Amino acid sequence: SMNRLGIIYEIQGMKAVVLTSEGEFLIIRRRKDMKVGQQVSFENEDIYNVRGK
């Protein structure tokens with residue numbers, strides 16, 4: 000659980016755009032917790048960018 004914090008900036012179906020505390024836009028898996036506008040705690044494991052592949 001490598002937790003990263005980001006604000007749900009936008010949603011792409013099952014993907015979510017998070018504007019992190021770093022000010023970076025990352026594409027993550029959208030969970031049911033993802034509401035547009037809120038800062039969510041996700042894992043790096045949720046990140047579609049930093050998947051590991």
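Heads up, the sequence shown is in PDB author numbering, so the first residue is 0 and it goes up one at a time.
C-beta: ideal position from N, C-alpha, C; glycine also.
Sequence-distant residues of its chain with Cβ nearer than 8 Å to residue i (five each side left out)
i, result
"residue 37", "6, 7"
Burial state of residue i (16 or more Cβ within 10 Å)
i, result
"residue 17", "buried"
"residue 30", "exposed"
Coil, strand or helix - residue i by DSSP
i, result
"residue 44", "helix"
"residue 9", "strand"
"residue 16", "strand"
Beta-carbon proximity list for residue i, same chain, < 7 Å, skipping 5 on both sides
i, result
"residue 43", "1, 3, 49"
"residue 34", "7"
Within-8 Å CB hit, residue i to chain B
i, result
"residue 34", "In the structure shown, chain B does not exist; there is a single protein chain."
For residue i: DSSP bridge partner residues
i, result
"residue 38", "6"
Same chain, Cβ closer than 6 Å to residue i, neighbours up to 5 away in sequence not counted
i, result
"residue 20", "4"
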